[PDB]
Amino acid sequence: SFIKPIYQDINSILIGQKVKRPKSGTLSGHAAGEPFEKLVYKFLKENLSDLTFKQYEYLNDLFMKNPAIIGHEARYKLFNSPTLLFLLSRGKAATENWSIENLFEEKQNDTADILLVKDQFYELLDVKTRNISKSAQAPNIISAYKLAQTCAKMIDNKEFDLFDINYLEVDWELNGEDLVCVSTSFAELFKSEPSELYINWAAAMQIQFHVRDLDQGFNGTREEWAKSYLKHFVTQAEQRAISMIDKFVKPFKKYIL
């Protein structure tokens, strides 16, 4: 983590800062603590000025920096890695269509919130904003499927030392008119026990967990994580297939005439 060494420097500048309320609307989804994210980001951009990127912002550089490369075919070679490509790419049309006059913008599917790159190594930083003024279910963290596929690309292409998935939790509450932050937590994904990882099928098959509570007790290799998690995925997958007939079939097969 390029952010870990300065986690403190970040935790401080955040806790206690007062931002305006989210358009005075539903503090839900992509509107909860938006401001904080831009906050954490601007911070890094000032501190880690040369390592800090925003997924798309990053892509636009990768391409702009290689002006002579046109056509999705060659541009996809600008990644120099299947796995990494899988996680940051934009699709045939979008890629082929790219241009200095048709720059990439923010997309809802974008994997990471912030990209920190240095020495052929990438840190995919994703922030989770929690309305601490209550106690809710575990937030969608990332796709179990996109995770499973990512692992497979890892094993195959054998890129066990390329990227890192880290989560920065930003707890905020509504103190008066502003949206103040009260706490912050950090955690590495591949530093967690994959067999523990909870996969909520309905919840967009996303694995869910509060950064704060995320277990960081894993002492194996990244190649071992990929392999173990992938096994975890398969079992739970089958398992859900079973629970799906019980819950969504049996009790209704009685109304089916």
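Note that residue numbering follows the sequence shown and begins at 1.
Margin query: Using only C-alpha atoms and the B-factors in the entry, which stretch averages higher, 60 to 68 or 197 to 205?
Written below: If you average the C-alpha B-factors of 60 to 68 and of 197 to 205, the larger mean comes out for 60 to 68.
Check: Do the CA atoms of 97 to 105 or those of 172 to 180 have the higher mean B-factor in the entry?
Finding: Taking the mean C-alpha B-factor of 97 to 105 and of 172 to 180, the larger value falls to 172 to 180.
Check: Lowest, middle or highest third: where is residue 80 by C-alpha B factor in its chain?
Finding: Highest third, going by the recorded CA B-factors of the chain.
Note to self: Quick check for you: using the entry's CA B-factors within this chain, is residue 113 in the lowest, middle or highest third?
What the structure shows: Lowest third, going by the recorded CA B-factors of the chain.
Next item on the list: Looking at the entry's B-factor column for C-alpha atoms only, identify whether residue 34 ranks in the lowest, middle or highest third of its chain.
Entry: For residue 34, the deposited C-alpha B-factor lands in the highest third.
Next item on the list: Taking the values exactly as deposited, rank residue 159 by C-alpha B-factor within its chain and report the matching third: lowest, middle or highest.
Entry: Tercile = middle for this residue's CA B-factor.
Next item on the list: Relative to the other modelled residues of the same chain, rank the CA B-factor of residue 119 and answer lowest, middle or highest third.
Entry: Answer is highest: the recorded C-alpha B-factor places it there.
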